[PDB]
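Coming up is one lone chain in structure tokens, specifically the form deposited in one PDB entry.
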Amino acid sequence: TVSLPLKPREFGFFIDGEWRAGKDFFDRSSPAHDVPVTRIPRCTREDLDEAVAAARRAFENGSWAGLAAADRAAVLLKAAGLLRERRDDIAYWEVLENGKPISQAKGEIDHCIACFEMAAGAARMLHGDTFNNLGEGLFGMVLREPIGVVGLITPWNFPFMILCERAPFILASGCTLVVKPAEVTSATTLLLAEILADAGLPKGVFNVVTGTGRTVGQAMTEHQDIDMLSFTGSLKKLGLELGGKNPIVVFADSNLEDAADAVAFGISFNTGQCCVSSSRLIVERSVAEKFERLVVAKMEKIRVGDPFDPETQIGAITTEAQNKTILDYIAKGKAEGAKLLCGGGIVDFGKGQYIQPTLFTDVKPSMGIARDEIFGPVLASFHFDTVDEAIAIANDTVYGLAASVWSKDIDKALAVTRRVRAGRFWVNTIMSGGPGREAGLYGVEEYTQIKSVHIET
């Protein structure tokens, strides 16, 4: 019931409010269909310079940062509405370039819509401090101001969703933006550019420069007119972002059935879930065997196949590189004596590849697959006896995107929540971002600086 493009769609890139024609082009085929779908400009360092100049111009001339926050919120809310009307179109191009199941793409869009609405509300709440207690001759205050021109680099796994977790909050403060998405998943980033123009965003406030990391990414990192650089793949600030080896710590006193469900939902896509992959299971030894059996039974129901089938839960491998990493990973795990409990293969389903939901158990932290990282429904199980063992296994990575703990014991739950390094933590619930927030309070502040002001008499 879903027709592929008759000819690959050629995009332009987006600078200072207008579409721009590419010279050279990256040809992208559908990971699930092996059919040409898009043609993406490979921009030059000179193109990125123009995008930065446009964003500079739009920041400094007052057209965005000088507006009242209400006007910025109005644009963001209109974009949210347009994004809702065009949900099926954005999901379609996302599936085509990334392999994602359509139901997961549509669910990510709903989370994206909500991000636009949070950013809009938070634009109005942004505030600083007054110091009225310095005595009669002296008055102090702190103002919050947009950081300025923000460079954003997004990755290929969650191209649209990471963009919408960042871009609307960046724009809400009055910052301007230049985005470089991954060469393999650029279409939806450009469709967002169109949405924001249609919503009334002034020219130069949102610019998309497509192309390679070697050319456009490097020009971005070395540009001396970008105030802040934010990498989610990978001049005052540069932020980086961390890995998807998100651990799930399960204790014997927990609800093992709910916990096993959460492991299953955290590795596949289920309705009402959105966007928190997990790849490490950390389970009390005395229940490891029963719980792992629970998880394997659920993992073998996960539906794999045609991403345009609304019931698919695992989509196609996005790049040919990701394909060798997975078969390498599994080979390494077998070699080092990790026990494969299910999956382990890549399914050739027609003209696409699909990773089987896969679970290694008896994994020691010193093994090579405990260090290495992969994207895909591949899960490694570690066992522990003590609370401090669980925490040390959980913390064995550099820093975590997400984490969760299952336990009815308040001391164990709190100890894990406080001592495991992750940005988002779930306690006896499914890790999900779909049907106040921290991003509601703080997403906008992240792209601001403070100005202290000292007024005598």
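Heads up, when I say rigid core I mean the largest set of C-alphas that superpose within 1.5 Å between the two forms. In case it trips you up, residue 1 is the first one in the sequence shown, and so on.
We do not show the form deposited in another entry, though everything after this point is about it.
- The residue that stands out in 267, 75, 226, 161 is 267, the single one whose Cα moves by 2 angstroms or more between the shown form and the other one on a rigid core fit.
- Taking 2 Å as the criterion, residue 33 does not count as shifted between the shown form and the other one: its C-alpha moves by less than this amount when the rigid core is aligned.
- Here residue 147 does not count as shifted, since its C-alpha moves by less than 2 Å between the shown form and the other one after the core is aligned.
- Shown in the overlay between the shown form and the other one, fitted on the rigid core, is a CA shift at residue 44 smaller than 2 Å.
- Note on residue 272 and residue 116: their C-alpha atoms are more widely spaced in the other form, a change of at least 3 Å from this conformation.
- Note: residue 321-residue 273 Cα separation is 3 Å or more shorter in the other form than here.
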